[PDB]
Each structure stands twice: as structure tokens, then as C-alpha cells.
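All remarks here apply to the structure that follows.
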Ligand SMILES: O=C(c1cc(=O)[nH]c2ccccc12)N1CCN(c2ccccc2F)CC1
Ligand SMILES: O=C(c1cc(=O)[nH]c2ccccc12)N1CCN(c2ccccc2F)CC1
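Protein chains in written order, with my numbering: chain A, 1 to 304; chain B, 1001 to 1304.
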């Protein structure tokens, strides 16, 4: 019993973290095989940050200008190239700690673990969700760029995120491991609009199922609703519309608890319209949306 | 910017997790040097669980009855002994992945990371606080016993907790790495009273300082209070009394923010007496107490 915001064990990713220095800027790199991946803004100066011409800036850089250090050993850079907003630094040594890995572009609403790093060294690990507006509510300081987000499937690490930026609003933006930003964000020190961030309904429902499995059942009511009636309430409260796909993914949790999805939707409807009245659910006084139905099943069944 | 419930990177601890089987029971063990540490209730049968005579049960067990497996390789047990509620299984091979480590008995109110494990394999990592009533609000299932709690100081892992039990109330109990239970708990399947759990005031204040540093300043008021006046409010709301030591530890956060500790106490007093009025602080609708002043400074300064 118990329900926590659980991150994946970070060991396989710690063995990939390196420090990348270019000129006077230092950030984090991800060493997989003979390649180090890092944000391309490592080549910027504090003058270039407002609107950098990365192609021009990279042209003034040679392999010897990229200092890559893993622990205390220097890696020799034999190639460099820009792929979207990431630089791929080819090194002469394959990382002996390279785990079985994939590069995946996650969907909004999906979750992942972040290993925050500074100077190539891991400082902490936390669980995040890619918001519907493609930002993440992380915890990042100067030098955190190049820290990665990931998921683990037994022995395989799926890298989904690389940290690039913090918007003036305190929210975080970044790319997949091919350098494509999640959302409309660009890697330049400018004010950028993060759109309206909605609540991930399927995750709030999955977390209501986790609450039911872990003893918290006060919010359960004698009501039911329809997809269309529930969605009228979800629209008013800036919640993602629930689809039949979402109902289907909630199927295992519905079967385990014996509470139909639309019955849980009716409980959520009343929680939105009436609030919590000073009560809590799984130790929280608000509706949590950073646990997918997969996260709930995994935490409530103990998948290692 | 940003503030998350951040766990330590778990790699150094993952390299220590083993599976320990005795008879038909399997749980987790911690392999450091040539010793595997695990809960002694690994030697219990489902008949023994209500009141086991561990000394008698251990006497019917020999080295060959303890099956220790690290990954897929079997370790050879050359010695066994009970130290309080843990068994120390001497193996013929020192763990090549043994990190620099210490065994520490943490204080109530202090925090630590848990690497939840099943069958010697890590499933997840989360941050916990040792409650003033010596329980932890973890996330643990069958087979999770032997999972450890820890802190890291650069390269040194301080092991502070080993998971043993879940009380009928859904809260968790366990020992330090010498087998001494935190609290009055005993390792037997009986109803055990977890005392009244108070709120860790110094941590709630540290988290109010984290909120101020991260833009959330709505709760700041034009008031001040005294230690004795604040403590009259802390008593009424089941909060730990604030001491001058707590004020001193809050010193760096007070200096960084320019808000005196007693001024922050006055804000907390009003938050307790008036509630949140539907607002949030660092994304939470309740007062968070699982971040020590050290955790706040570390997360807000980026210590790796
Ligand atoms: O390391 C950071 C940073 C990241 C973060 O998430 N939070 C912070 C909080 C306080 C100070 C700095 C940061 N940055 C340097 C590189 N920055 C950059 C972006 C685009 C183009 C050039 C650039 F140099 C983004 C900012
Ligand atoms: O693995 C667990 C367990 C631990 C947990 O924290 N949560 C659970 C939730 C559901 C089912 C089991 C658990 N237990 C087996 C060993 N138990 C035990 C304690 C004292 C004496 C003998 C014993 F066998 C404690 C219970």
C-alpha cells in the first residue's frame, strides 16, 4: 500500500552523463555508444543568446573546441554535427556503460523520470509529465541543460527528453533526442508563449483508481455520467476531453476495482463542481494528473 | 526555478541490491563488501508471522538455506548471524560495486530516498521523511522488504533505513542497518499503534522559503510573531514546537530571502488559522513538510 510520485531507478542514465564545455559555457551531455548528445546552445555566448545563428556559430567551432569530460577522463572528439537543436559529438571511445536504449518522442500526458545534472554529475531524480502544452514543470538551475528525461522497460532506457530552456514563467522546455523541441519553443533567450495548460483527465482518473485501491474511497458517489456530459464539465474546468481510447486504457483499473469508468467520471465531476471540502486524496488537496494508467498499474503491481 | 520532491540518484544503491530466499520466502538484501543485510523475517513461515521466536527459527537454518542471488549469479553463503531485526549473511565474494558507505540512524523530521525493490531488482525511487512518529509514508508491496532508504554526500551513501513492515493503517515501519526499528514497532504480524503524527514545522518553514525563492509569495504578510506565540498555534494544529536550533538551521534561507524566521512563522500562523482559501503553494494545496532546510538549499543551489 501507499502511493508516491515514483521515478525510475536512475543508474543506467547516470553512467551516460558527461560534461560538455565549449568556450566558457558548460552543460550536460549524454554519452551513448561513441556519440555525446547535448543542446546546441552550448556554442552560444551571452551576446548570442537573444537570436543566435547556430549554423554560423558552429562553423567557427572545431572538434578540439568541444571539451567532453566523463568523470575525470577527457574524451577525444573526432566529429561534430548539428541535428535540429542538438549537437552530436563523435568521440573515439564507446561508453562502456551504454545501456540498451531507444530514442522516443513521447506524447503529451505521458510521464517520465528526469535525472537533473550539473557539470556532468547527477544531483537528483524526479517524476514529470509532458504537459498538454508541451512544457514540463521541472526543477532546473544554471548548468542543468542537457539533463535527460527517460522511461525504462526492464533493461531498455527510452530517452524522451533533453532539457534546453526555462521560460520567463518558470516552466521548462526542451527537445526529444533528435533535437526537435516539444511544443513551439525555439532555443533563444526570448519571451515565448506557453499555451493554456489543461489537466490530463485520463491521469486524474487513473489516480482516482489508485486512491480507491489504497483505501481512499470517500469521493465515491451513487452517481454515473456519460462521456458527453462529463466532457461538458471537463471543458468548463480546463480538463482534456475524455475519449473512448481513454476509457479503454482505464479498463484494467476499472476491472481491478469493480468501478466502471463512467462511474469514476461522475465522482470526478462532483469533485470538480464541489471541490475537496478541506479533505485529501492520497495525501494531496488537489487532483493529481502526473500518473498515467500505466504508472498506477505498475506502482500498484510492483513491476521491476 | 521549480521545486520537486527530488530523490537522490539511485545508481550506487542499485549495484547493492540482491534477492534473498529462505525456504519459500523471498525478499531484498543489501550487499556491501562480503555481507548481505536483510530483514530477519525472511526466516518466517505464514504460521510464524503472529509471534515468531526468531532465535529458535534461525537455529533450524544453515548457511545453505539462505539463497542469495545478485542479478543472475548465485552468491555462496559462508556465515549467518542475527543482529537485532536484521540477518547478516556473510558471502565469499565482496560486492565489486560497493560504494563508499556509512550506516546512520536518522532523526525524525529528516528526509531520505527509498529505492523500492522486488526480487532484488529496483522498481522505483522516491523521497520520504522519517515521520516524528517514526513511520514513513512509503509505497511498498509484497516482496518490498529489504528495500533501503539512503542519503548521498558526494560519493558516500549513508544507509539509514531498511523496510520491514506495513502497519494495518497503510503506513510503513522499518529499521536502521543495525536492525534497530525506528519507533516502538516489532517484526511480527500484529496490530501496532503508530502514535500521533505531528507536522515537521522546520520543514514546512523551509518549504515556505523554497516557495518565496520560486516566485510564490502571496502568503507573505505584514505580520511577525514570537517563538512562544507561534508555538501556541503549532500546538493547536499538531505541529512540532519550533526551537532556537530550528531558527538557526533556517538562517541560510532567511539570509538568502531577506525574510526573518519569525516573519515567516507569522505567515505560517495565518496559513494555519485561515487555510489556503483555494490557492496553492509550489503546486500543492496543503503545507508540505517533507523538505528539510538542507533539501531546500541543495535543490535551490544545485549540489551534485
Ligand atoms: O542553464 C540555463 C538554465 C536553465 C533552466 O532551466 N533554468 C535556469 C534558471 C536560472 C539560470 C539558468 C537556467 N540556461 C542557460 C542556457 N540558456 C539558453 C537558452 C537558449 C539559448 C542560449 C542559452 F544560453 C537557457 C538558460
Ligand atoms: O512484504 C510484505 C509487505 C510489506 C509492505 O510494506 N506492504 C505489503 C503490502 C501487501 C502485502 C505485503 C506487504 N510483507 C511480508 C513480510 N511481513 C512480515 C512482517 C513481520 C514478520 C513476518 C512477516 F512475514 C510484512 C508484510
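By construction, the Cβ of each residue, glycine as well, lies at the ideal position given by its N, Cα and C atoms.
Cutting at 7 Å between CB atoms, please list the residues of its own chain near residue i, excluding the five before and the five after it.
| i | result |
| --- | --- |
| residue 185 of chain A | 165, 173, 192 |
| residue 276 of chain A | 285 |
| residue 254 of chain A | 260, 261 |
| residue 231 of chain A | 241, 242 |
| residue 94 of chain A | 33, 34 |
If you draw a straight line from the alpha carbon of residue i to that of residue j, how long is it in whole angstroms?
| i | j | result |
| --- | --- | --- |
| residue 176 of chain A | residue 114 of chain A | 13 Å |
| residue 1057 of chain B | residue 1044 of chain B | 7 Å |
| residue 7 of chain A | residue 1208 of chain B | 24 Å |
| residue 268 of chain A | residue 198 of chain A | 15 Å |
| residue 1030 of chain B | residue 1303 of chain B | 26 Å |
| residue 119 of chain A | residue 211 of chain A | 39 Å |
| residue 1084 of chain B | residue 127 of chain A | 36 Å |
| residue 21 of chain A | residue 67 of chain A | 5 Å |
| residue 1060 of chain B | residue 1023 of chain B | 11 Å |
| residue 1106 of chain B | residue 1170 of chain B | 22 Å |
| residue 256 of chain A | residue 51 of chain A | 53 Å |
| residue 152 of chain A | residue 298 of chain A | 12 Å |
| residue 1312 of chain B | residue 1143 of chain B | Lying outside 1001 to 1304, the shown extent of chain B, residue 1312 of chain B is not represented and no answer is given. |
| residue 88 of chain A | residue 1011 of chain B | 26 Å |
| residue 1065 of chain B | residue 1054 of chain B | 15 Å |
| residue 1026 of chain B | residue 1163 of chain B | 14 Å |
| residue 229 of chain A | residue 1219 of chain B | 37 Å |
| residue 1141 of chain B | residue 1215 of chain B | 38 Å |
| residue 222 of chain A | residue 196 of chain A | 33 Å |
| residue 274 of chain A | residue 135 of chain A | 29 Å |
| residue 96 of chain A | residue 1258 of chain B | 48 Å |
| residue 1167 of chain B | residue 1137 of chain B | 11 Å |
| residue 1132 of chain B | residue 1003 of chain B | 24 Å |
| residue 213 of chain A | residue 1072 of chain B | 33 Å |
| residue 300 of chain A | residue 1139 of chain B | 9 Å |
| residue 1224 of chain B | residue 117 of chain A | 38 Å |
Just to confirm my understanding: we take residue i, look at its own chain, exclude 5 residues before and 5 after, and list those with CB closer than 8 Å. What are they?
| i | result |
| --- | --- |
| residue 1202 of chain B | 1109, 1240, 1242, 1246, 1249, 1250, 1292, 1293 |
| residue 237 of chain A | 199, 272 |
| residue 1014 of chain B | 1115, 1122 |
| residue 18 of chain A | 28, 29, 30, 31, 36, 68, 69, 70, 75, 120 |
| residue 290 of chain A | 5, 111, 127, 128, 129, 200, 203 |
| residue 1100 of chain B | 1155, 1156, 1157 |
| residue 252 of chain A | 293, 297 |
Identify the residues that DSSP records as bridge partners of residue i: which are they?
| i | result |
| --- | --- |
| residue 121 of chain A | A/118 |
| residue 1102 of chain B | B/1158 |
| residue 75 of chain A | A/68 |
| residue 1097 of chain B | In DSSP, residue 1097 of chain B forms no bridge with anything. |
| residue 211 of chain A | In the DSSP output, where bridge partners are listed per residue, residue 211 of chain A has none listed. |
| residue 37 of chain A | A/30, A/88 |
| residue 1152 of chain B | B/1157 |
| residue 1294 of chain B | None, per the DSSP bridge assignment. |
| residue 80 of chain A | A/89 |
| residue 1181 of chain B | B/1175 |
| residue 199 of chain A | A/239 |
| residue 163 of chain A | A/174 |
| residue 1018 of chain B | B/1029 |
| residue 1129 of chain B | B/1111 |
| residue 7 of chain A | B/1125 |
| residue 136 of chain A | A/172 |
| residue 281 of chain A | A/284 |
Output needed for residue i: all residues of its chain with C-beta closer than 6 Å, excluding positions within five of it in sequence on either side, in chain order.
| i | result |
| --- | --- |
| residue 78 of chain A | 90, 92 |
| residue 104 of chain A | 158, 160 |
| residue 1098 of chain B | 1032, 1033 |
| residue 264 of chain A | 205, 208 |
| residue 1049 of chain B | 1189 |
| residue 63 of chain A | 77, 80 |
| residue 1179 of chain B | 1083, 1084, 1085, 1086 |
Next item on the list: Specify which residues have a beta carbon nearer than 6 Å to any heavy atom of ligand 2, listing them in chain order.
Entry: A/1, B/1041, B/1044, B/1049, B/1140, B/1141, B/1142, B/1143, B/1144, B/1145, B/1165, B/1166, B/1172, B/1187, B/1188, B/1189
Checklist line | Interface positions of the segment 231-251 of chain A facing chain B (Cβ-Cβ less than 7 Å), listed along the chain | finding: none
Item checked: chain A contacts from the segment 1071-1101 of chain B (Cβ-Cβ distance under 7 Å) -> none
Next item on the list: Pull out every residue of the segment 265-287 of chain A whose Cβ sits closer than 8 Å to any Cβ of chain B, in chain order.
Entry: 275, 276, 278, 280, 283, 284, 285, 286
Margin query: Which residues of the segment 1193-1222 of chain B have a Cβ closer than 8 Å to any Cβ of chain A? Give them in chain order.
Written below: 1214, 1215
Notebook entry, point to check: Can you list, in chain order, the residues of the segment 13-38 of chain A whose Cβ is nearer than 8 Å to any Cβ on chain B?
Noted result: 14, 15
Checklist line | Interface residues of the segment 1129-1150 of chain B facing chain A [CB-CB below 8 Å] | finding: 1137, 1138, 1139, 1140, 1141, 1142, 1143, 1144
Checklist line | Where the segment 1106-1125 of chain B meets chain A: residues whose CB sits under 9 Å from a CB there | finding: 1113, 1114, 1115, 1116, 1117, 1118, 1119, 1120, 1121, 1122, 1123, 1124, 1125
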